[PDB]
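Asker: Got a structure for you, written out below as structure tokens; questions coming shortly.
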2 protein chains.
Amino acid sequence: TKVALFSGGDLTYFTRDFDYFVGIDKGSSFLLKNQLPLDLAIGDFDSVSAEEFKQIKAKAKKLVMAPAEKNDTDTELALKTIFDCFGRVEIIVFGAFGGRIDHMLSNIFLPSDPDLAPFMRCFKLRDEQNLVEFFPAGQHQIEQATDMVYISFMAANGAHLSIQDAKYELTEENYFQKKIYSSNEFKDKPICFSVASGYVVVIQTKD
Amino acid sequence: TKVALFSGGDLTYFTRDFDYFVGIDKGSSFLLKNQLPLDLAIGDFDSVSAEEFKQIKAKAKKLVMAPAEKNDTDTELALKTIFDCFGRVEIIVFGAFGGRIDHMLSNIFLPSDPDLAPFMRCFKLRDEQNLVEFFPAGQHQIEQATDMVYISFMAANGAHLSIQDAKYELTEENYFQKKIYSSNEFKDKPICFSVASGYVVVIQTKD
Ligand SMILES: Cc1ncc(C[n+]2csc(CCOP(=O)(O)OP(=O)(O)O)c2C)c(N)n1
Ligand SMILES: Cc1ncc(C[n+]2csc(CCOP(=O)(O)OP(=O)(O)O)c2C)c(N)n1
Ligand SMILES: [Mg+2]
Ligand SMILES: [Mg+2]
Ligand SMILES: [Mg+2]
Ligand SMILES: [Mg+2]
């Protein structure tokens, strides 16, 4: 019931404890190259040699060819596909960062897509020292994840945030403008945060 | 009249053609270690050894000690300081990315700070394969930068965007929701874009 997507980012970190393995473009080649299952290879594969795509084309339990010129990114397309086949499943996206900033932002703001927003609570961005979760507009609580030390909140579409029970709080009584409030920490208690509309992007990090 | 800031990110790329050289935390050590001028070392330096901070403490033409617990990031503080000393000067920030996602976002959305917004057109984020510019709300035009191939637009605080004269346009007649519209390209003509409010973040990239 646990799916794992190996994006085209830099997979210097990844886990193997997963039911289904999805590989976007280069991720497909990475998976194989690491003695790992390739249940699904998706994307336009414009980021892999014919030599590599030859091994993927004859090893992937399933392969999806996506148009070169489109609106959704291979990772976006991959997440949309899976949510259709499995429905509300738990996803972890590896290699969602690195290299290009435009692509990273695309992953950081995946929920911004109307079709993904509803499932924004089913997938996460993860790598060596970063963990990214997405919360719909409203009231929420969060407990610190293992390994991680710092935590930050950022509302896509500038809606005022509220943060309590954290080392640094953000009340309506001391609010100071900033897109992302980083370097915050827990303190033996769940952190409370909320947002009138949109959705919040929580980023737990370490090091 | 050209200032350059060497942040604590990964400086695998940088230029030397600058009047003033500013170094945030680790950047200060990097600058020296590269036979480069250190006109200003700023930050809390909690990211450098006493051994390194000993060389910085006695080489920096100027050094600023910032509190450990604060609201602004060393880079934010550094940019605010310079804009005070020089006023509207041209800045290029190196090592604004890498490692932590929370810090990257802080640099990606630097204009989100009320005190920086006014000077958002005076500084840029740059590295190996990425170039980041910031434009205030309103009408604007942009010509492709050298070396870069792709270009993307993203409005902080979700305001509808408009994009014309680019390979892919975003009109009010075909609009589709998404935080960042990436992988767009120029085509022998300036790209026109605008936003009712807030500010736009343009990211030219390559590779
Ligand atoms: C508003 C307008 N902006 C830009 C695009 C172009 N675009 C956005 S997603 C995408 C797909 C390409 O990205 P990806 O699948 O990650 O492959 P890559 O960019 O690495 O070649 C394209 C072409 C568009 N169609 N809509
Ligand atoms: C709303 C609330 N969120 C979080 C903070 C904590 N905070 C935001 S910027 C910052 C400075 C630390 O960052 P930086 O200067 O880059 O050093 P580093 O995080 O690498 O140790 C802190 C402590 C705050 N004061 N306001
Ligand atoms: Mg691709
Ligand atoms: Mg492509
Ligand atoms: Mg610091
Ligand atoms: Mg610090």
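A note on labels: chains of the structure tokens are A, B, ... as shown, every chain counts residues from 1, and ligands are counted from 1 in their shown order.
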Could the residues of chain B that have an atom at most 6 Å from ligand 5 be listed as JSON lines, each with its closest atom pair and the distance in Å to one decimal, counting only C-alpha atoms and all ligand atoms and ordered by chain and ascending residue number?
Answerer:
{"residue": "B:25", "atom": "CA", "partner": "ligand 5", "partner_atom_place_in_ligand_line": "1 (Mg)", "distance": 5.6}
{"residue": "B:43", "atom": "CA", "partner": "ligand 5", "partner_atom_place_in_ligand_line": "1 (Mg)", "distance": 5.7}
{"residue": "B:44", "atom": "CA", "partner": "ligand 5", "partner_atom_place_in_ligand_line": "1 (Mg)", "distance": 5.0}
{"residue": "B:45", "atom": "CA", "partner": "ligand 5", "partner_atom_place_in_ligand_line": "1 (Mg)", "distance": 5.3}
{"residue": "B:46", "atom": "CA", "partner": "ligand 5", "partner_atom_place_in_ligand_line": "1 (Mg)", "distance": 5.3}
{"residue": "B:47", "atom": "CA", "partner": "ligand 5", "partner_atom_place_in_ligand_line": "1 (Mg)", "distance": 5.7}
{"residue": "B:74", "atom": "CA", "partner": "ligand 5", "partner_atom_place_in_ligand_line": "1 (Mg)", "distance": 5.8}
Asker: Counting only C-alpha atoms and all ligand atoms, give me one row per residue of chain A with an atom at most 12 Å from an atom of ligand 2, showing the shortest contact pair and its distance in Å to one decimal, sorted by chain then residue number, as a Markdown table.
Answerer:
| residue | atom | partner | partner_atom_place_in_ligand_line | distance |
| --- | --- | --- | --- | --- |
| A:149 | CA | ligand 2 | 19 (O) | 10.8 |
| A:150 | CA | ligand 2 | 19 (O) | 8.3 |
| A:151 | CA | ligand 2 | 4 (C) | 8.5 |
| A:152 | CA | ligand 2 | 3 (N) | 6.9 |
| A:153 | CA | ligand 2 | 3 (N) | 7.7 |
| A:154 | CA | ligand 2 | 3 (N) | 9.7 |
| A:160 | CA | ligand 2 | 1 (C) | 11.0 |
| A:161 | CA | ligand 2 | 1 (C) | 8.7 |
| A:162 | CA | ligand 2 | 1 (C) | 8.4 |
| A:163 | CA | ligand 2 | 1 (C) | 7.1 |
| A:164 | CA | ligand 2 | 1 (C) | 9.4 |
| A:165 | CA | ligand 2 | 2 (C) | 11.3 |
| A:166 | CA | ligand 2 | 3 (N) | 8.7 |
| A:167 | CA | ligand 2 | 4 (C) | 8.0 |
| A:168 | CA | ligand 2 | 2 (C) | 4.8 |
| A:169 | CA | ligand 2 | 1 (C) | 5.4 |
| A:170 | CA | ligand 2 | 1 (C) | 4.6 |
| A:171 | CA | ligand 2 | 1 (C) | 8.3 |
| A:172 | CA | ligand 2 | 1 (C) | 10.8 |
| A:173 | CA | ligand 2 | 1 (C) | 11.8 |
| A:174 | CA | ligand 2 | 1 (C) | 9.1 |
| A:175 | CA | ligand 2 | 1 (C) | 7.7 |
| A:176 | CA | ligand 2 | 1 (C) | 7.6 |
| A:177 | CA | ligand 2 | 1 (C) | 9.1 |
| A:178 | CA | ligand 2 | 1 (C) | 8.5 |
| A:179 | CA | ligand 2 | 1 (C) | 10.2 |
| A:180 | CA | ligand 2 | 3 (N) | 7.9 |
| A:181 | CA | ligand 2 | 3 (N) | 4.1 |
| A:182 | CA | ligand 2 | 8 (C) | 4.6 |
| A:183 | CA | ligand 2 | 7 (N) | 4.7 |
| A:184 | CA | ligand 2 | 4 (C) | 4.5 |
| A:185 | CA | ligand 2 | 4 (C) | 8.1 |
| A:186 | CA | ligand 2 | 4 (C) | 11.0 |
| A:191 | CA | ligand 2 | 3 (N) | 11.9 |
| A:193 | CA | ligand 2 | 1 (C) | 10.8 |
| A:202 | CA | ligand 2 | 3 (N) | 11.9 |
| A:205 | CA | ligand 2 | 19 (O) | 10.2 |
| A:206 | CA | ligand 2 | 19 (O) | 9.8 |
| A:207 | CA | ligand 2 | 20 (O) | 8.7 |
Asker: Save out the residues we just selected, N, CA, C and O atoms, as a compact mmCIF listing (two decimals), in the first residue's frame.
Answerer:
# COMPACT_ATOMS: atom_id res chain seq x y z
N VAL A 149 15.35 17.97 12.64
CA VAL A 149 15.52 18.89 13.77
C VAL A 149 14.74 20.18 13.58
O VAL A 149 13.99 20.61 14.47
N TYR A 150 14.89 20.80 12.42
CA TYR A 150 14.20 22.05 12.13
C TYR A 150 12.90 21.84 11.37
O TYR A 150 12.70 20.81 10.74
N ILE A 151 12.00 22.82 11.45
CA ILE A 151 10.71 22.75 10.76
C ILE A 151 10.26 24.15 10.32
O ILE A 151 10.45 25.12 11.03
N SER A 152 9.66 24.24 9.14
CA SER A 152 9.24 25.53 8.62
C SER A 152 7.88 25.43 7.94
O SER A 152 7.52 24.38 7.43
N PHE A 153 7.15 26.55 7.92
CA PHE A 153 5.82 26.61 7.32
C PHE A 153 5.76 27.71 6.28
O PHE A 153 6.33 28.78 6.47
N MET A 154 5.07 27.47 5.18
CA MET A 154 4.96 28.46 4.14
C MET A 154 3.66 28.23 3.43
O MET A 154 3.39 27.13 2.97
N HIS A 160 -2.34 34.64 5.61
CA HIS A 160 -1.70 34.73 6.93
C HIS A 160 -1.71 33.42 7.72
O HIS A 160 -2.73 32.76 7.83
N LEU A 161 -0.55 33.07 8.27
CA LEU A 161 -0.39 31.83 9.03
C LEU A 161 -0.44 32.05 10.51
O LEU A 161 -0.28 33.16 10.99
N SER A 162 -0.65 30.96 11.23
CA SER A 162 -0.68 30.99 12.67
C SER A 162 0.17 29.81 13.13
O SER A 162 0.05 28.71 12.59
N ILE A 163 1.02 30.01 14.13
CA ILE A 163 1.87 28.91 14.58
C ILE A 163 2.07 28.98 16.08
O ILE A 163 2.61 29.95 16.60
N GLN A 164 1.62 27.95 16.78
CA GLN A 164 1.75 27.91 18.23
C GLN A 164 2.35 26.61 18.73
O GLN A 164 2.29 25.59 18.05
N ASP A 165 2.94 26.66 19.92
CA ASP A 165 3.54 25.48 20.55
C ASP A 165 4.89 25.11 19.94
O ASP A 165 5.41 24.00 20.14
N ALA A 166 5.47 26.06 19.22
CA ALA A 166 6.76 25.86 18.60
C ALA A 166 7.73 26.83 19.29
O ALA A 166 7.28 27.74 20.00
N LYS A 167 9.03 26.64 19.10
CA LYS A 167 9.99 27.53 19.73
C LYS A 167 9.66 28.97 19.39
O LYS A 167 9.66 29.84 20.25
N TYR A 168 9.36 29.21 18.11
CA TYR A 168 9.00 30.54 17.63
C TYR A 168 7.54 30.50 17.17
O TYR A 168 7.16 29.68 16.33
N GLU A 169 6.70 31.37 17.73
CA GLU A 169 5.30 31.40 17.35
C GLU A 169 4.99 32.56 16.42
O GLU A 169 5.73 33.53 16.33
N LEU A 170 3.88 32.44 15.71
CA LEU A 170 3.46 33.48 14.80
C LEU A 170 1.99 33.71 15.10
O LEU A 170 1.12 33.01 14.58
N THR A 171 1.73 34.68 15.96
CA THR A 171 0.37 35.00 16.34
C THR A 171 -0.13 36.19 15.53
O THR A 171 0.65 36.89 14.88
N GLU A 172 -1.44 36.41 15.57
CA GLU A 172 -2.05 37.52 14.85
C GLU A 172 -1.70 38.79 15.59
O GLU A 172 -1.99 39.88 15.13
N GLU A 173 -1.08 38.63 16.76
CA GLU A 173 -0.72 39.76 17.59
C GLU A 173 0.73 40.19 17.44
O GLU A 173 1.10 41.27 17.92
N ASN A 174 1.55 39.37 16.79
CA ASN A 174 2.96 39.70 16.57
C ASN A 174 3.41 39.38 15.13
O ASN A 174 4.60 39.34 14.83
N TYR A 175 2.44 39.17 14.25
CA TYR A 175 2.71 38.82 12.86
C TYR A 175 3.68 39.75 12.15
O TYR A 175 3.61 40.95 12.29
N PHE A 176 4.59 39.16 11.38
CA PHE A 176 5.56 39.92 10.59
C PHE A 176 5.60 39.23 9.23
O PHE A 176 5.78 38.02 9.15
N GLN A 177 5.42 40.00 8.16
CA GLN A 177 5.38 39.44 6.81
C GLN A 177 6.64 38.71 6.33
O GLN A 177 7.76 39.18 6.50
N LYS A 178 6.42 37.54 5.73
CA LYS A 178 7.48 36.70 5.16
C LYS A 178 6.79 35.51 4.52
O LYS A 178 5.89 34.97 5.14
N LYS A 179 7.19 35.13 3.31
CA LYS A 179 6.61 33.97 2.61
C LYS A 179 6.81 32.67 3.40
O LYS A 179 5.85 31.95 3.68
N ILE A 180 8.05 32.36 3.74
CA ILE A 180 8.33 31.15 4.49
C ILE A 180 9.01 31.44 5.82
O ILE A 180 9.99 32.17 5.86
N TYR A 181 8.48 30.86 6.90
CA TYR A 181 9.02 31.05 8.24
C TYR A 181 9.83 29.80 8.54
O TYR A 181 9.26 28.78 8.90
N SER A 182 11.16 29.90 8.43
CA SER A 182 12.03 28.74 8.62
C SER A 182 12.76 28.68 9.93
O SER A 182 12.62 29.57 10.76
N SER A 183 13.53 27.62 10.09
CA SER A 183 14.34 27.38 11.28
C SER A 183 13.56 27.29 12.60
O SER A 183 14.11 27.55 13.67
N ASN A 184 12.29 26.91 12.55
CA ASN A 184 11.51 26.80 13.77
C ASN A 184 11.76 25.41 14.38
O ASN A 184 12.25 24.53 13.68
N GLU A 185 11.45 25.22 15.65
CA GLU A 185 11.72 23.93 16.29
C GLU A 185 10.59 23.52 17.18
O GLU A 185 9.83 24.36 17.64
N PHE A 186 10.49 22.23 17.46
CA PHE A 186 9.45 21.74 18.35
C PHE A 186 9.98 21.88 19.77
O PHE A 186 11.12 22.33 19.98
N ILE A 191 2.99 20.96 17.27
CA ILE A 191 2.92 22.34 16.80
C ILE A 191 1.58 22.59 16.13
O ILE A 191 1.16 21.85 15.25
N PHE A 193 -0.82 24.86 13.74
CA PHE A 193 -0.77 25.86 12.69
C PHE A 193 -2.06 25.82 11.90
O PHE A 193 -2.72 24.78 11.84
N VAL A 202 4.63 22.28 4.74
CA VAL A 202 5.53 22.08 5.86
C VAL A 202 6.82 21.41 5.40
O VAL A 202 6.77 20.41 4.68
N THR A 205 13.45 19.67 8.22
CA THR A 205 14.80 19.49 7.74
C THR A 205 15.81 19.30 8.86
O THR A 205 15.50 19.51 10.04
N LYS A 206 17.02 18.89 8.49
CA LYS A 206 18.08 18.68 9.48
C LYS A 206 19.42 19.16 8.95
O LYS A 206 19.50 19.70 7.85
N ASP A 207 20.47 18.97 9.76
CA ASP A 207 21.84 19.37 9.41
C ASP A 207 22.00 20.89 9.46
O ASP A 207 21.08 21.63 9.10
Asker: Return the single residue from A:95, A:87, A:190, A:111 that is closest to residue 157 in chain A, with distances computed using only C-alpha atoms.
Answerer: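 For residue 157 in chain A, the nearest of the candidates is A:111.
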Asker: Give me, please, the distance in Å between CA of residue 108 in chain B and CA of residue 81 in chain B, quoted to one decimal.
Answerer: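 Straight-line distance from CA of residue 108 in chain B to CA of residue 81 in chain B works out to 18.8 Å.
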Asker: I want to know what sits within 8 Å of range 127-142 of chain B, based on only C-alpha atoms, with residues of the same chain fewer than 3 positions away left out; could you give that as a tab-separated table (two decimals) with N, CA, C and O atoms, in the first residue's frame?
Answerer:
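Produced file part39.tsv, reproduced below:
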chain	number	residue	atom	x	y	z
A	99	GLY	N	19.54	20.26	-9.13
A	99	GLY	CA	19.69	20.81	-10.47
A	99	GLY	C	18.90	22.07	-10.75
A	99	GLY	O	19.31	23.16	-10.35
A	100	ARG	N	17.79	21.92	-11.46
A	100	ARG	CA	16.94	23.05	-11.83
A	100	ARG	C	15.97	23.51	-10.74
A	100	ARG	O	15.29	22.71	-10.09
A	101	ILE	N	15.92	24.82	-10.55
A	101	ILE	CA	15.07	25.44	-9.57
A	101	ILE	C	13.61	25.42	-10.01
A	101	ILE	O	12.72	25.29	-9.18
B	11	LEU	N	28.61	26.88	-3.39
B	11	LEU	CA	29.24	27.73	-4.39
B	11	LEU	C	30.12	26.96	-5.40
B	11	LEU	O	31.34	27.12	-5.43
B	12	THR	N	29.51	26.12	-6.22
B	12	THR	CA	30.25	25.37	-7.21
B	12	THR	C	30.41	26.29	-8.41
B	12	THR	O	31.09	25.94	-9.37
B	13	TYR	N	29.77	27.45	-8.36
B	13	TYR	CA	29.80	28.44	-9.45
B	13	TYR	C	29.85	29.84	-8.88
B	13	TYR	O	29.16	30.13	-7.91
B	14	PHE	N	30.65	30.71	-9.49
B	14	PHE	CA	30.78	32.09	-9.03
B	14	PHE	C	31.61	32.90	-10.00
B	14	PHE	O	32.36	32.33	-10.80
B	94	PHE	N	25.30	34.31	-4.85
B	94	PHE	CA	25.80	32.98	-5.18
B	94	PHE	C	25.58	32.04	-4.00
B	94	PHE	O	25.54	32.47	-2.85
B	95	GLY	N	25.43	30.75	-4.30
B	95	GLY	CA	25.20	29.76	-3.27
B	95	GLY	C	23.91	30.03	-2.52
B	95	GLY	O	23.83	29.86	-1.31
B	96	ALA	N	22.90	30.47	-3.25
B	96	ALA	CA	21.62	30.77	-2.65
B	96	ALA	C	20.78	29.52	-2.55
B	96	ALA	O	19.68	29.57	-2.03
B	108	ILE	N	14.45	32.18	-2.67
B	108	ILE	CA	13.53	32.25	-3.80
B	108	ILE	C	12.48	33.32	-3.54
B	108	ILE	O	12.05	34.01	-4.46
B	111	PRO	N	11.94	38.76	-1.79
B	111	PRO	CA	11.10	39.97	-1.89
B	111	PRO	C	9.90	39.94	-0.94
B	111	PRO	O	9.32	40.98	-0.65
B	117	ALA	N	11.25	44.06	-0.60
B	117	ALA	CA	10.40	44.24	-1.77
B	117	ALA	C	10.77	45.42	-2.65
B	117	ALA	O	10.87	45.28	-3.86
B	120	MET	N	13.71	44.62	-4.77
B	120	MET	CA	13.66	43.32	-5.42
B	120	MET	C	14.21	43.31	-6.85
B	120	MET	O	14.60	42.27	-7.39
B	121	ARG	N	14.25	44.47	-7.47
B	121	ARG	CA	14.79	44.56	-8.81
B	121	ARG	C	16.32	44.80	-8.84
B	121	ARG	O	16.93	44.88	-9.91
B	123	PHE	N	18.61	42.83	-6.95
B	123	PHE	CA	19.39	41.62	-6.66
B	123	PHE	C	18.85	40.41	-7.39
B	123	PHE	O	17.66	40.35	-7.70
B	124	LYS	N	19.73	39.44	-7.64
B	124	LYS	CA	19.41	38.20	-8.37
B	124	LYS	C	20.04	36.97	-7.74
B	124	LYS	O	21.07	37.06	-7.09
B	148	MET	N	21.29	30.65	-20.87
B	148	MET	CA	20.03	30.04	-20.46
B	148	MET	C	19.17	29.66	-21.66
B	148	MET	O	19.23	30.31	-22.69
B	190	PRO	N	10.83	39.44	-27.17
B	190	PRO	CA	10.66	39.65	-25.73
B	190	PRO	C	9.39	39.01	-25.24
B	190	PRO	O	8.38	39.03	-25.93
B	191	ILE	N	9.44	38.43	-24.04
B	191	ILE	CA	8.27	37.81	-23.45
B	191	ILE	C	7.52	38.80	-22.57
B	191	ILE	O	8.11	39.44	-21.70
B	192	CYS	N	6.23	38.95	-22.80
B	192	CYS	CA	5.43	39.86	-22.00
B	192	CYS	C	4.67	39.13	-20.89
B	192	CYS	O	4.01	38.13	-21.13
B	193	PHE	N	4.78	39.63	-19.67
B	193	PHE	CA	4.08	39.02	-18.56
B	193	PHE	C	3.64	40.11	-17.60
B	193	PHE	O	4.25	41.17	-17.53
B	194	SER	N	2.57	39.85	-16.86
B	194	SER	CA	2.06	40.81	-15.89
B	194	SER	C	1.29	40.14	-14.74
B	194	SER	O	0.92	38.97	-14.82
B	195	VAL	N	1.08	40.89	-13.67
B	195	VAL	CA	0.36	40.36	-12.51
B	195	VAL	C	-0.35	41.50	-11.78
B	195	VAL	O	0.26	42.53	-11.49
B	196	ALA	N	-1.63	41.31	-11.48
B	196	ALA	CA	-2.44	42.32	-10.80
B	196	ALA	C	-1.79	42.85	-9.53
B	196	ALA	O	-1.73	44.06	-9.32
B	197	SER	N	-1.31	41.95	-8.68
B	197	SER	CA	-0.66	42.34	-7.44
B	197	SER	C	0.53	41.44	-7.09
B	197	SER	O	0.92	40.55	-7.85
B	198	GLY	N	1.11	41.68	-5.92
B	198	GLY	CA	2.23	40.88	-5.48
B	198	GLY	C	3.46	41.15	-6.31
B	198	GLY	O	3.80	42.30	-6.59
B	199	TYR	N	4.15	40.08	-6.69
B	199	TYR	CA	5.35	40.19	-7.50
B	199	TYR	C	5.62	38.85	-8.19
B	199	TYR	O	5.26	37.78	-7.70
B	200	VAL	N	6.26	38.91	-9.35
B	200	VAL	CA	6.56	37.71	-10.10
B	200	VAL	C	8.01	37.27	-9.89
B	200	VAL	O	8.92	38.09	-9.74
B	201	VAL	N	8.22	35.96	-9.89
B	201	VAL	CA	9.55	35.40	-9.74
B	201	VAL	C	9.92	34.70	-11.04
B	201	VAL	O	9.39	33.64	-11.35
B	202	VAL	N	10.83	35.29	-11.80
B	202	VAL	CA	11.25	34.69	-13.06
B	202	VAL	C	12.50	33.83	-12.85
B	202	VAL	O	13.46	34.28	-12.22
B	203	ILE	N	12.49	32.61	-13.37
B	203	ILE	CA	13.63	31.71	-13.23
B	203	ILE	C	14.12	31.19	-14.58
B	203	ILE	O	13.51	30.29	-15.16
B	204	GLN	N	15.21	31.75	-15.08
B	204	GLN	CA	15.77	31.29	-16.33
B	204	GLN	C	16.73	30.16	-15.98
B	204	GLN	O	17.51	30.25	-15.02
B	205	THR	N	16.66	29.08	-16.74
B	205	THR	CA	17.50	27.93	-16.46
B	205	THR	C	17.97	27.23	-17.74
B	205	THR	O	17.47	27.51	-18.83
B	206	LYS	N	18.93	26.33	-17.58
B	206	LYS	CA	19.46	25.59	-18.72
B	206	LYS	C	19.73	24.14	-18.36
B	206	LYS	O	19.45	23.72	-17.24
B	207	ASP	N	20.26	23.37	-19.32
B	207	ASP	CA	20.58	21.95	-19.14
B	207	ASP	C	19.31	21.11	-19.08
B	207	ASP	O	18.30	21.52	-18.52
